[PDB]
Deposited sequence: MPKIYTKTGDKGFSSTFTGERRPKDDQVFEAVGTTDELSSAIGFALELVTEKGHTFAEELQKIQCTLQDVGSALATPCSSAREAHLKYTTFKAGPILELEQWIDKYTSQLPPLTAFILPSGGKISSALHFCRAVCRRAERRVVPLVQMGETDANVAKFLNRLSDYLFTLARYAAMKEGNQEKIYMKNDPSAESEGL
């Protein structure tokens, strides 16, 4: 079906964007680079899961992401408004990765609502967007960059 190819291509697109983003880390040894590579592998797993009456998609990564998300929010100031995308090359590419990921979630949702894919796949992509947002904020913080908010 053409819906499935669209889901798999958009998940591929997400993974490739994360790959480019990762190439933006200058110093090695950053734990979130390890996390982004684990996410790339999980993304290959959701791409396999989408091609099938639907295959079982392990719920493990969902908890992993949630744990990482709590880890980074614990170090961040409370955010209460919309931020403009910025805050270092890493943070910007991660916000682009975030938006691409939400496009992927929209491409997967019809398949889940039709019974052709495990709901855990959409749940994983939904939480992956929140992880991408919180991580962008954390990278901007660790570089000492503004985090510009607009309101009016």
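Novice: Point out each run of deposited residues with no C-alpha coordinates, keeping the order of the sequence.
Specialist: Holes in the chain trace, numbered from 1: 1-24, 77-86, 187-196.
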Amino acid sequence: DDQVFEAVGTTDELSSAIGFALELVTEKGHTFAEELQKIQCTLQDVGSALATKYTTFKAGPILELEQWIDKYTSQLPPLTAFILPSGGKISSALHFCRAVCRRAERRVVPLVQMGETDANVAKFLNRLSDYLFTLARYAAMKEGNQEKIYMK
From here on, numbers count along this sequence of modelled residues.
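Novice: Looking at the deposited entry, does 92-100 or 43-51 carry the larger mean Cα B-factor?
Specialist: Result: 43-51.
Novice: Mean CA temperature factor from the deposited coordinates, higher in 140-148 or in 16-24?
Specialist: Averaged over C-alpha atoms, the B-factors run higher in 140-148.
Novice: Please place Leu125 in the lowest, middle or highest third of its chain according to the CA B-factor in the PDB entry.
Specialist: Lowest third.
Novice: So where's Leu36 on the chain's Cα temperature factor ranking, which third?
Specialist: It falls in the middle third of the chain.
Novice: Using the temperature factors of the C-alpha atoms in this entry, rank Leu63 within its chain: lowest, middle or highest third.
Specialist: Top third by C-alpha B-factor.
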